[PDB]
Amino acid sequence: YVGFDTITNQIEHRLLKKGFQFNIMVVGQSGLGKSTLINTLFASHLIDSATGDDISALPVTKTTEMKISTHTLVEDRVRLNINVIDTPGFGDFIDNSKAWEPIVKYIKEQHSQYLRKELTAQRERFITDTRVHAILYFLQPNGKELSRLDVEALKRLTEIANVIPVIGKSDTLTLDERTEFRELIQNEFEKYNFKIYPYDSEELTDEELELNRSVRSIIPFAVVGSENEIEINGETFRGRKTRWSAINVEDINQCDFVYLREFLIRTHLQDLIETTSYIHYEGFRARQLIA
């Protein structure tokens, strides 16, 4: 016994003291449960609604603005530095013809900032990575085909970042309306030929591609979010309770929140971060260098 199988222990111990960066962006019109979903995924109140109940809180410039907050969460020994990027003003104005332009600018600006450091003669050992690793795109649960705004926004965002479509407030739909709407949006994705996360790589195994197939079949996720715990017949769980309904957020037989959490965080979290590097950042860097 030599002992070089210990090398994975040496690496994990080196990365644990380092920490981990995750930069996630939520895109959608106000009132789609975006801040609630972020606060439900990470089981902590990280952000407020970018506008709240105050319409005067909308960006005065009448365009989309970036609202970046920074956070840190610990589980056992893994520290996760989280950047949350909300987009107050997207689709909330009378004129939304430039609703995506500040978003595309922010995404490219982070790559530009990173590449500016990779080219210095005296590079730092640990470059601060503020590149957008994931985009949760919130679609309204209205059973309609993609609006012009969604087509324009997605046709650009899906080319520069890992875009994860999500049906916001999906409890609007019955299970049959959920099947018909999800099948309609998937046909919209084929019609416009968008690159929707996850991607299939040649490095993936037959079981990894199969996992990608099964998760891909329920995208966009039908999510229901809640930071508040409710009680039903003594059992306490987090969800929503009304005059006629009681939704268990962590019930896979009711919504796809649990599937989204396993996907975004437990199986494809590192894949999301690295794909931002070797796909999106490298694609950006290649275009800058040739010009």
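Residues carry their position along the shown sequence, with the first being 1.
According to the PDB record, 227 to 235 carries the higher mean C-alpha B-factor of the two stretches 227 to 235 and 66 to 74. Looking at 136 to 144 and 76 to 84 together, the entry lists the larger mean B-factor for 76 to 84, computed on C-alpha atoms. Which of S214, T174, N193, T128 has the largest Cα B-factor in the deposited entry comes down to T128. Per the PDB record, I55 has a higher Cα B-factor than any other of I38, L32, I55, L264. When all modelled residues of the chain are sorted by CA temperature factor, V104 is found within the lowest third.
Sort the modelled residues of the chain by CA B factor and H13 lands in the middle third. In the PDB entry, a CA B factor belonging to the lowest third of its chain's modelled residues is recorded for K169. In the deposited entry, the Cα temperature factor of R123 places it in the highest third of its chain's modelled residues. The PDB entry assigns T158 a C-alpha temperature factor belonging to the highest third of its chain's modelled residues.
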